[PDB]
Structure formats: C-alpha cells, structure tokens
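Read the single chain below, which is given as structure tokens and is the form deposited in one PDB entry.
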C-alpha cells in the first residue's frame, strides 16, 4: 500500500533561490568531474571520496562547495561511485546540459510541505504551483532545471496508495497500431486509441526548432534562446506524450483489470500503475492483432 511517488511540483524560486539552485547543480557536477578525474588518475573508495570532498569544502580554492547543500554533493558522489562500479562490472564526464538535477535527502524536517510553498535545505520556502496533496513522509527532493525559466521538484514521498475497486472489464488487448497509436479491445468492441492531437504538428515544430539551433553559432545569446526553445518544445512533446499515456493507462487500469509513439513510457506507466492500483499485465490487421494479443495474454495469465 505504501508507494514511493514523486509529486513533481513546478518551483517558482526568486533570484537568490534560483541562483542557489544553479550553484548547486554546478557544484554537484563539479564534485562529479573532479572525483572522476581522481578515480581515473588513481588507476578511490567511498570513505576516500567523502574525506576528499570534505577537504575541498575546507579548501580555500573551492570553499564555495560548502555553501551548497551537502546532500546534493553526497548523492553526486554516490552516482559517480555507481557509474564507476558499472563501468567496472571509466565513464565519461558530465557536460553542462539544460536539464540537470540534484537530489537532497531528508533529515530532521529540513524539507517541509507548505500550502503553496516548498521548504528546501538551503533555499527556504520556494513557491510552487499545482502542489498535489501529499500525505506521506518526504524521502528526497530532486530540484532540477528543465530549462532556463522552468524548475521542478520531484518530492519523493512514501504515500500510501490505495488499491482501486473492482474493474468493469477483464482484459484490454492493446498492440502497436499503424495509424492509431494503439487499438484496445475488451473482446467485442474495438476502441482504436488514435494518436494524441497535434502530435505530428508538434514533431514538425520540434524539427523546425532543431533546424534553427543548428543554424546558429554555439555559445551565443540567440543560440541560448534557440536552445531554450528547443528544450521547451522537447518538454512540450514529453508533456503531450506522457499526458496521453497517463490518461490512456489510467483509463486502462480503471476500465480494465488487465491490460494485455513512446511505447517505453507506455509500458513503464502501465506496469507501475498496475502495481499501484492492484492490476496485472501479461506483457482487419489491427483488430485481429489486438484480439490475438488479448487472448494470448489472458491464456498466459489464466
């Protein structure tokens, strides 16, 4: 019943509270590159990297590392350790991107949920919009920068999600459609889920944005504006796709107890919402393909 959910709330920090977010993202990237260089030159362990980070915080040259939140740097070091272990079971550096995130752990109520505000360790009260009601213990907050004027805080909480009631239909055969995104079928009626509106149009706008960026000189101010616009259109495409898939998968979970482009997001959302709401997933051409998928999935399940 207790599920880990990420109440992504749009942050609206002031000038100081966003300067600090920038200086913490840069610091988490810096303490990543520095210790990656140290690890590469070594051929360090968790204790060694923690001690060297503490010395850097006390170092005169890099004293500003202690200004940013400590949990961001600790989790940056943890991510570096995991990446190094995966490469051993020497990854590339971290490049300054538009979309960069840091996460802060929870300790002695350093992070608190306000009405239209969010409390963060070095930031104070950060104004938020669309604060979905939270009734669980905060685990960590992934303060991020989608692009220049867009910040978010994936407040990971342990909120007890309740299982949904009994479902009207027993299965929903879904398969990748040619024209439609997918065709669902309870078994008799073929509800063809058409692709979300203005999806080819927004892909065309994405191509125009990519062409505009490639026409500009890197490191320029107008190049920065075009890069931000490309990031905005990427975020808009992600929002449209994820909203289409959220609505489709919630409709599938509510309407059907079983659910037999962006298909990766579709499958991820379907699986985690099936786990959350108490469902199961078994993992003429379109209609017959969907019917066969439904029949085989139901046979495998039972």
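C-alpha atoms forming the largest set that superposes within 1.5 Å between two forms make up the rigid core. Numbering follows the first chain given and starts at 1.
Novice: Note how many residues of the deposited chain are left out of the model between residue 260 and residue 261; the options are none, 1 to 3, 4 to 9, and 10 or more.
Specialist: Count of unmodelled residues in between: 10 or more.
Novice: Does the entry skip any residues of the deposited sequence between residue 89 and residue 90, and if so, is it 1 to 3, 4 to 9, or 10 or more, or none at all?
Specialist: Missing residues, residue 89 to residue 90: 10 or more.
One more form of this protein, deposited in another entry, exists but is not displayed; see below.
Novice: In a superposition on the rigid core, which residue from 139, 161, 113, 209 has a CA displacement reaching 2 Å or more between this form and the one not shown?
Specialist: Result of the superposition: 209 is the only one at 2 Å or more.
Novice: Under a superposition restricted to the rigid core, does residue 84 display a Cα displacement of 2 angstroms or more between this form and the one not shown?
Specialist: It does, since the residue 84 C-alpha is displaced 2 Å or more between this form and the one not shown after the core fit.
Novice: Once everything's superposed on the core, is residue 125 shifted 2 Å or more at the Cα between this form and the one not shown?
Specialist: It does not reach a 2 Å shift.
Novice: Do you see a C-alpha shift of 2 Å or more at residue 99 between this form and the one not shown, with the core held fixed?
Specialist: The answer is no, as the C-alpha of residue 99 shifts between this form and the one not shown by less than 2 Å after core alignment.
Novice: Do residue 97 and residue 199 move together or apart in the other entry, judged by C-alpha distance changing 3 Å or more?
Specialist: So the answer is closer.
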